[PDB]
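**Q** here is the input, now give the coordinates:
(2 chains)
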Number of protein chains: 2
Amino acid sequence: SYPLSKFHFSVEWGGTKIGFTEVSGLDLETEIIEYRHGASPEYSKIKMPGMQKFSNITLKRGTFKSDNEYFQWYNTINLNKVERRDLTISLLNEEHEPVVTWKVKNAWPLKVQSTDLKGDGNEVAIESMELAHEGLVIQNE
Amino acid sequence: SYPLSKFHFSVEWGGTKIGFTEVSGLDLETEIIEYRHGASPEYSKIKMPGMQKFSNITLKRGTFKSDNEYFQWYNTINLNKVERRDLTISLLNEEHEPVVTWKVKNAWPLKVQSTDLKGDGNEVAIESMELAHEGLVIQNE
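**A** Numbering: from 1, shown residues only, chains lettered A, B, ... in the order given. Next up is the structure itself:
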């Protein structure tokens, strides 16, 4: 009778750790094609589905001693070659088991962003990555 | 101390209405005759006036219910006969009186062009006419 919360989750991306600070961009989108012939009694258009799009996925985590994984994956790019991975994102229950799963096909990294530095910057250094992919399936049983 | 504007005007052409959307082609042109005899110290030609020309005049208006005048005038053509008319074009002042007048002799229509139709054509249907004539006099007193 109650909705799910948004703070207990995990990400499987081929790296050593599965803990993240922030995950965003799990969207699906379709184009519209419009039409009207001149003899129609209505003065508006009829609509049908076009081609499909996906958004890029952003992942954020804190920087730790001796963990250089964002860089190492990015550095697998060689002219048109890159290591592609299966990305699995999951929202967890009180037993730490999956409830809602987002399945992502053929991901690789477009960009890796490092932290800024400040003399009075009393906070955690956070690094982030942006991923391209070829498709998303949502499972909730 | 100020020049005249270009949007307040009227056209008298023998039809029921005098309002138009657009008027163009009120031009005058003369040919040149060139000459040089071989003994001249200058290596260029002397110039004098030749024969004269006039341009065709274009008139544009919106289509209205039950007004078929462009067609009716055009349809007076019979082998080499046509109804010829005196065309008077005038630029108006704030009292709606003439300021600048263009006087055109012996006009008749070469062509009548109808509107295109479009399913998404959210605009006014505009018809146009092109006129031949035998002379133009400009009055500005």
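
**Q** quick check on the residue nearest the centre of chain A: phi, psi?
**A** Among the residues of chain A, residue A:57 comes closest to the average C-alpha position under C-alpha atoms, centre = their mean, at 2.5 Å. Main-chain dihedrals, residue A:57, degrees, to the nearest 10: phi -110, psi 130.

**Q** assign the residue of chain A most remote from its centre to helix, strand or coil.
**A** Most distant from the centre of chain A: residue A:39, at 46.2 Å, with distances by C-alpha atoms, centre = their mean. Assigned with DSSP: H, G, I helix; E, B strand; the rest coil, residue A:39 falls in the coil class.

**Q** what's the spacing between the longest strand along chain A and its chain's center?
**A** The longest strand of chain A (DSSP state E) is strand A:98-113. Centroid separation for strand A:98-113 versus its chain: 5 Å, with C-alpha atoms, centre = their mean, to the nearest Å.

**Q** same deal with stretch A:6-15?
**A** On the basis of C-alpha atoms, centre = their mean, stretch A:6-15 sits 11 Å off its chain's mean C-alpha point.

**Q** can you report phi and psi for residue A:69?
**A** Per-residue torsions, residue A:69: phi -60, psi -40 (degrees, to the nearest 10).

**Q** isn't the residue nearest to the centre of chain A right up against residue A:133?
**A** Yes: assessed by C-beta atoms under 8 Å, residue A:57 is found in contact with residue A:133 at 6.6 Å. No exception for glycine: its C-beta is placed from N, CA and C like everyone else's.

**Q** so what sits against both of these two?
**A** Contact with both residue A:57 and residue A:133 is made by residues A:87, A:104, A:107, according to C-beta atoms under 8 Å, 6 or more residues apart in numbering or on different chains.

**Q** ranges for the helices of chain A?
**A** Assigned by DSSP state H, chain A shows helices spanning A:69-74.

**Q** quick check: residues of it near chain B?
**A** Neighbours of chain B within chain A, by C-beta under 8 Å from any C-beta of the partner chain: A:36, A:37, A:38, A:45.

**Q** which parts of chain A are strands?
**A** A:9-12, A:22-24, A:28-35, A:46-54, A:57-62, A:85-92, A:98-113, A:126-132, A:136-139.

**Q** parallel or antiparallel, which strands does the shortest one pair with?
**A** Strand A:22-24 has these partner strands in its sheet, going by DSSP bridges: strand A:57-62 (antiparallel).

**Q** pull out the buried residues from the partner strand.
**A** A:57, A:59, A:61 (16 or more other C-beta atoms under 10 Å in any protein chain shown).

**Q** now, which of those residues sits nearest chain B?
**A** Nearest to chain B among the buried residues of strand A:57-62, counting by C-beta to the nearest C-beta, is residue A:57 at 37.7 Å.

**Q** list the contacts for that closest one?
**A** A:23, A:24, A:25, A:26, A:87, A:104, A:107, A:130, A:131, A:133.

**Q** now do residue A:87
**A** A:11, A:12, A:13, A:57, A:103, A:104, A:107, A:131, A:133.

**Q** which of those residues tops the neighbour count?
**A** The most crowded member of the contacts of residue A:87, judged by other C-beta atoms under 10 Å in any protein chain shown, is residue A:57 (23 neighbours).

**Q** measure that residue to residue B:42 for me?
**A** According to C-beta to C-beta, to the nearest Å, residue A:57 stands 81 Å off from residue B:42.

**Q** among the contacts of residue A:57, which pair sits farthest apart?
**A** Pairwise distances among the contacts of residue A:57 were taken by C-beta to C-beta; the largest, 14.5 Å, belongs to A:24 and A:107.

**Q** how about residue A:98, nearest residue that isn't a chain neighbour?
**A** Nearest residue to residue A:98, sequence neighbours excluded (C-beta to C-beta, 6 or more residues apart in numbering or on different chains): residue A:90, at 4.4 Å.

**Q** do residue A:38 as well
**A** Nearest residue to residue A:38, sequence neighbours excluded (C-beta to C-beta, 6+ apart): residue B:119, at 4.7 Å.

**Q** contacts for stretch A:21-41?
**A** Residues from elsewhere that reach stretch A:21-41 (C-beta under 8 Å, 6+ apart): A:9, A:11, A:44-62, A:89, A:102, A:126, A:136, B:117-120.
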